[PDB]
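Engineer: in their complex positions, the first chains:
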Amino acid sequence: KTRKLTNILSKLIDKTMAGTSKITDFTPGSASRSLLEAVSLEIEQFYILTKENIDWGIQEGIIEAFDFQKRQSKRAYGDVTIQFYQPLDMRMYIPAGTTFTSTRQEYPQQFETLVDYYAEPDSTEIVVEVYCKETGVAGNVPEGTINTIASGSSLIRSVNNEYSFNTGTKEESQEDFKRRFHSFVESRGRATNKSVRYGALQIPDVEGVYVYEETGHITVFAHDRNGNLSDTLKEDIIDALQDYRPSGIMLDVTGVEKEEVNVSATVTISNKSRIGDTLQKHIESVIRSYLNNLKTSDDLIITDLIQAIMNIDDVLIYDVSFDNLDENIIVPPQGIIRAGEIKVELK
Amino acid sequence: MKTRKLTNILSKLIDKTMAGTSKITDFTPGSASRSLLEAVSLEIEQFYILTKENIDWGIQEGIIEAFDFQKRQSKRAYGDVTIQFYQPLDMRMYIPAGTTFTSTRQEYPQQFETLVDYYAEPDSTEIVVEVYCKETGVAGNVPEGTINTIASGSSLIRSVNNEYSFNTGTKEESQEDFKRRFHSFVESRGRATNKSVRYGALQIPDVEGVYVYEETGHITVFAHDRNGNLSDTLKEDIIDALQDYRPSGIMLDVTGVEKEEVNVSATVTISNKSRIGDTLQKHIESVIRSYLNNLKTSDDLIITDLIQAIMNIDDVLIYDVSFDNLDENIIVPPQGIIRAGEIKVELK
Amino acid sequence: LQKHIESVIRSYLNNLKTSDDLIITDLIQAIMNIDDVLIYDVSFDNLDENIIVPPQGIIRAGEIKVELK
Amino acid sequence: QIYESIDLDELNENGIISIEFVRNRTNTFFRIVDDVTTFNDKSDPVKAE
């Protein structure tokens, strides 16, 4: 694949010998061997450079063409303001590596300048750029954090960073980069049940989509958080799925077959003094949250509801019973369960 | 890399050397300066050449890496085996996976085994069971009639026989087929098209060729493996791979190709009659099997083509050829294919 | 899993004290809290109503059986 | 600055201390050339050195 230093030197010597017999000393310390060794070192360094470039190209060349940037790890950097008590009475000099720090336990991060700076006599305040010593987001200190110089002259009135730092980043892994590329490529797909479902889900107010396929017809079930499908949202879905549906195929949009379950419960309780309106409303809010959290294909298992109600409190709640709920309410994929009228009776 | 050459580099070096000093004016063959500069420029030339080659290799590697389009490896041969009993069965016997099958023909000493359990029903006379070569590659492409031994030892077995030549064994993928399938991948990014359906059907490595037959509101995908069969498991896998690619709302069906099973019996005369034996017969039979099992979908079988293929083995040694079971070319339809039946040769 | 559930039920019943009523929903939550995700639903093939225990009474486990589906 | 072998010789002949760049030495990349004084009478070793 590549030559190396010893091989390059050997070939150079062999070619030199073949070219002429006027040189035969190739021992260490020879001018000629030194020159060939230097050329060999330079060539080996260019080989490593080519290796680095190709290793970068293998994993970033193609995907970069599609406007996808891999996030490199960076040091947080930004501008800071240094104010002087008076206009400077001589040219002040700040050497590279001059450290800036903060007087807090929340931000022990240390910042330093990477270049020399000069403040003219006429100046009264000069801005400089400082770089966080550590890579990562730990250097993204908020506004007003950097407020101290460790090697500044007494003439300074105050140090302050005028804006929060945000350039600190963590390296994006190769697998995440591939996943984003592959996601984008999949999103280019069209005229399929998966692609229709994806394009419906990209709509803002759509929470859940079921696509049912028939020969020569497609019907799309959608719902919002509430289990409802507004006419406006329906029209939006249709307009967005004009670009997605296959040619010569009919597409229809319909609401999800919502099913509002009314639950009257009788809750036995131990502490009779804690019986009141607030506990009733808390229990009812828990039941409503449980019922409304169910997704499109989720069946209402009564034993899990009982578990949840009893887990509100392991000793206070004594026993529960329902008259409406006699057996588990199985629903199809296109039929969501939602919270209906809820009543709770404390016993 | 600009692809410089040795002569221009050496000329540039010598010209600069002359320009920097008027003392050095001896650059003839055999001179020290010329030899040194020649060696340096030759090493630069080799660096440039290898850099170009490494960049080409790097482009191929980045294409593989970006799309995760891994190159397909060698495939192990697999086929079916017919088993017969003395009389119909009363016990529903049980054959577990790993039951080994071997052959007493020493020319094909490869071993085979069952990867799935089987059951033989009572009042049954024979069973067909799929087997898989233990060793990968082309070695498991035995001819018909090779496998004749079962290592289960069951007393109920009368005889064992693979009815057809195995052909699914193959070596590592070639560069051209990898590039072809990458082209198919690129074309099939648009999911709902005919080429995308063909790619999805070909997404399964076992599948050999596919013919998409199109009607108004109906799609028929004719598919086959490298033997020309289409097993139910392979059909289900093709269907599952086509769910992502097929167009929504249009009926789709998967069925096996119209396989034709050409038996051949050839009478061949030989000029040098000492060369008659088992080797020459087996070599000719091998050539005929390789010819027929290389036919693709819709390739007609032409008898004169087969004649020249047999005769080109050795035009002097072979004198004349005659077929005892074929007399006219065979037309194959678009969804059809030909595969070798029993191949027999008589030496005269 | 069967033996672990049977063990939990035995431990629940054999921890009942004198005059502790047996409440079927209590036992349901005790079984379901073993793993609320892994366990889907529970049904009893021999119990249908809570058992009242008098002041001089107590409950103890008989044969405990579990069928996994 | 990096003074040349002639510039160093002129500075030392004028009784000036100077530092010369040096490559690949074990300790540092610089060394002191001489311990000369401003008195330029090199014949007198007490005053000069």
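Structural biologist: That came in fine, so what should we check first? Numbering: from 1, shown residues only, chains lettered A, B, ... in the order given.
Engineer: can you tell me the SS state at residue A:41?
Structural biologist: When classified by DSSP: H, G, I helix; E, B strand; the rest coil, residue A:41 comes out as helix.
Engineer: and it, how far from residue A:32?
Structural biologist: 15 Å (C-beta to C-beta, to the nearest Å). For the C-beta atoms, the positions are set from N, CA and C on the backbone; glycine is no exception.
Engineer: what of residue A:189?
Structural biologist: Distance, residue A:189 to residue A:32, using C-beta to C-beta: 65 Å.
Engineer: ok, residue 18 - contacts?
Structural biologist: Went with chain A since none was named. When contacts are counted by C-beta atoms under 8 Å, 6 or more residues apart in numbering or on different chains, residue A:18 touches residue B:35.
Engineer: meant chain D, my bad for not saying
Structural biologist: The neighbourhood of residue D:18, defined by C-beta under 8 Å, 6+ apart, consists of D:3, D:7, D:8, D:11, D:12, D:33, D:34.
Engineer: what do you get for residue A:20?
Structural biologist: Residue A:20 makes contact with B:30, B:31, B:32, B:34, B:35, according to C-beta under 8 Å, 6+ apart.
Engineer: picking that back up, tell me the one among the contacts of residue D:18 nearest to residue D:41.
Structural biologist: residue D:12 (13.8 Å; C-beta to C-beta).
Engineer: verify the contact between that closest one and residue D:36 for me.
Structural biologist: Yes: with contact defined as C-beta atoms under 8 Å, residue D:12 counts as touching residue D:36 (5.9 Å).
Engineer: and the strands in the chain?
Structural biologist: By default, I'm working from chain A. With DSSP state E as the definition, chain A shows strands at residue ranges A:75-84, A:92-94, A:99-101, A:111-112, A:117-119, A:125-135, A:148-149, A:156-160, A:208-214, A:217-223, A:250-255, A:259-269, A:317-322, A:337-346.
Engineer: that's the other chain; I wanted chain D
Structural biologist: Secondary structure of chain D, counting by DSSP E: strands at D:19-21, D:30-32.
Engineer: append chain E to the structure above:
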Amino acid sequence: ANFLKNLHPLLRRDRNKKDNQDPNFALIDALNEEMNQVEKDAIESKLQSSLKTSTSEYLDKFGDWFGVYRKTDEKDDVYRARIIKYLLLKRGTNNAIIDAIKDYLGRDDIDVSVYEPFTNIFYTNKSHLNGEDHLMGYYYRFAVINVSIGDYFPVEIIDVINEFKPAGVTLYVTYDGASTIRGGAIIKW
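Structural biologist: With chain E added, the chains above now look like this:
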């Protein structure tokens, strides 16, 4: 370009004052020029390993990998844009067909639409009796489309639509002569 740094330390790095025609400096600067030129070329070589920044031969390699071949007098920028577009082709819908037509004919301002006759199937209730709907049959049928094109076209454009349309749909093409008429198409007596 560390040739002078890794050179033997005793050798001179600078053209000697005593001789303007110093052959040692000449040789060293010659070799140094070649070293720096090779370093420059090796730095510039990174542009060839990326699809974004590739040029002629390596860009042809990329297009041969992708299946897209350079046209006559086709520069690098348009060629890479065409590769990128070819990878990101939407297929299987009216909009894709319309774009394929407009990108095989010369321009965008032409009238092109896709007709779906199944929308005019005569249903018992909703369809008007003497309305625009027709009785269901062979032509008025799902998985059928009629593409109107407002300009001259080669017959090979149908094959292009075959590349784009979804599998299992019958294709018809209509040529609207009106759109091609020279100047104003109204005739005067």
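Engineer: in light of the added chain E, please revisit the contacts of residue A:20.
Structural biologist: Contacts of residue A:20 (C-beta under 8 Å, 6+ apart): B:30, B:31, B:32, B:34, B:35.
Engineer: which of those sits closest to chain D?
Structural biologist: Comparing these against chain D with C-beta to the nearest C-beta places residue B:32 closest, at 26.8 Å.
Engineer: and residue A:73, how far from residue E:159?
Structural biologist: When distance is defined by C-beta to C-beta, residue A:73 is 51 Å away from residue E:159.
Engineer: please apply the same query to residue A:75.
Structural biologist: Summarising the geometry, the distance separating residue A:75 from residue E:159, computed by C-beta to C-beta, is 57 Å.
Engineer: between the two, which is the more surrounded one?
Structural biologist: Counting neighbours by other C-beta atoms under 10 Å in any protein chain shown for residue A:75 and for residue E:159 shows that residue A:75 has the greater number, 18 against 9.
Engineer: isn't that one right next to residue A:137, touching?
Structural biologist: No: under the criterion of C-beta under 8 Å, residue A:75 is not in contact with residue A:137, lying 11.0 Å apart.
Engineer: mutual contacts of the two, please.
Structural biologist: Residues touching both residue A:75 and residue A:137 (C-beta under 8 Å, 6+ apart): residue A:168.
Engineer: so what's residue 24 up against?
Structural biologist: With no chain named, the answer covers chain A. Taking C-beta under 8 Å, 6+ apart, we find residue A:24 in contact with residue A:17.
Engineer: try again with chain D
Structural biologist: By C-beta under 8 Å, 6+ apart, residue D:24 lies in contact with residue E:9.
Engineer: same thing but 10 Å
Structural biologist: Contact criterion C-beta atoms under 10 Å, 6 or more residues apart in numbering or on different chains gives E:5, E:6, E:9 as the residues in contact with residue D:24.
Engineer: now residue A:44
Structural biologist: With the criterion set at C-beta under 10 Å, 6+ apart, residue A:44 makes contact with A:2, A:3, A:4, A:5, A:6, A:7, A:8, A:9, B:47.
Engineer: now those residues in a markdown table, with distance to residue D:25?
Structural biologist: As requested, those are arranged in a markdown table below (distance: C-beta to C-beta, whole Å):
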| residue | distance to residue D:25 |
| --- | --- |
| A:2 | 33 |
| A:3 | 32 |
| A:4 | 28 |
| A:5 | 24 |
| A:6 | 27 |
| A:7 | 31 |
| A:8 | 28 |
| A:9 | 25 |
| B:47 | 32 |
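Engineer: could you also fit chain F onto it:
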Amino acid sequence: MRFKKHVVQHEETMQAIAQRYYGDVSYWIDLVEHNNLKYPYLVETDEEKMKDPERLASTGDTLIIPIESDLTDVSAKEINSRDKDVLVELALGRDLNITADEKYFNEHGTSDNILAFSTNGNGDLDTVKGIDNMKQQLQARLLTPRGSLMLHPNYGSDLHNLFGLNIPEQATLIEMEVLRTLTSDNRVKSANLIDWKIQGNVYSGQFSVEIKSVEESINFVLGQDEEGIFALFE
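Structural biologist: Putting chain F onto the chains we already have gives this:
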């Protein structure tokens, strides 16, 4: 764990560093890999380093060389004179000054309540270090009667009982007791008689004490780096 850290020198190269430390240039790629350097490894000045501060190092930047270094097995010739002074100071220990006011407890050597703590003049407790420490400890041991100190039967001297007759025998007994007392100290490599005389009542003698050499103390302290105690429990 400890590693070497190298400051980039003017117009240095990675190959030179590898040759200097690993004794072979081949490790330069390992040095790049460990330090995570881009191709222009050692830029000329900070202006180039601004282009990529993370992946580039300029002159005066510190590199890490992952070679397991250890402070022992280091040539004492490299160590600076101040460093040697500090090392021997640590070896001989620091202790609170009690032998202040030499005249007083020299006037009453055999008695108790003779010495006391003192202040350093800066409001902190006085301290004796190095040779002063050794002086303090040797004086205290010689002055202490043997067996009088709690938790330490053998610490002390028997001179309080050697106030015998004026003959060479008692002189020899004193000398032997003093040599025993000095030998008892671990840090005292050896002790020996110089000269003695008798002036009727008064006895006078002088001794020579060779403490452990600088090399031994350096080796001991640098060995102690492995444990990190840096303290004396002799």
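Engineer: in light of the added chain F, please revisit the contacts of residue A:20.
Structural biologist: Contacts for residue A:20 were tallied using C-beta under 10 Å, 6+ apart; they are B:29, B:30, B:31, B:32, B:33, B:34, B:35, B:36, B:38.
Engineer: from these, pick the one nearest residue F:206.
Structural biologist: residue B:36 (78.5 Å).
Engineer: how close does the closest one sit to chain C?
Structural biologist: The gap separating residue B:36 from chain C is 77 Å, by C-beta to the nearest C-beta, to the nearest Å.
Engineer: what's the answer for residue F:33, then?
Structural biologist: Computed as C-beta to the nearest C-beta, the residue F:33 to chain C distance reads 45 Å.
Engineer: not counting its neighbours along the chain, what's nearest the residue sitting furthest away from the middle of chain D?
Structural biologist: Within chain D, the residue lying farthest from the chain centre (C-alpha atoms, centre = their mean) is residue D:26, at 20.3 Å. Of all residues beyond its chain neighbours, the one nearest residue D:26 is residue F:20 (7.4 Å), with distances taken as C-beta to C-beta, 6 or more residues apart in numbering or on different chains.
Engineer: which two among the contacts of residue A:20 are spaced furthest apart?
Structural biologist: B:29 and B:36 (13.2 Å).
Engineer: the helices in chain F, which residues?
Structural biologist: Using DSSP state H, the helices found in chain F span residues F:14-21, F:28-35, F:46-49, F:81-92, F:102-107, F:131-143, F:168-184, F:214-224.
Engineer: can you list the helices and strands that the first one packs against?
Structural biologist: Going back to what we said before, that points to helix F:14-21. helix A:31-64, strand F:3-7, helix F:28-35, strand F:62-68 (3 or more C-beta pairs under 10 Å, 6 or more residues apart in numbering or on different chains; DSSP states H and E).
Engineer: closest residue of chain D to chain B?
Structural biologist: Closest approach between chain D and chain B, counting by C-beta to the nearest C-beta: residue D:4, at 20.3 Å.
Engineer: contact partners for that residue?
Structural biologist: Taking C-beta under 10 Å, 6+ apart as the criterion, residue D:4 is in contact with D:10, D:20, D:21, E:14, E:17.
Engineer: show me what from chain F comes close to chain B.
Structural biologist: Residues of chain F found near chain B, taking C-beta under 10 Å from any C-beta of the partner chain as the criterion, are absent altogether.
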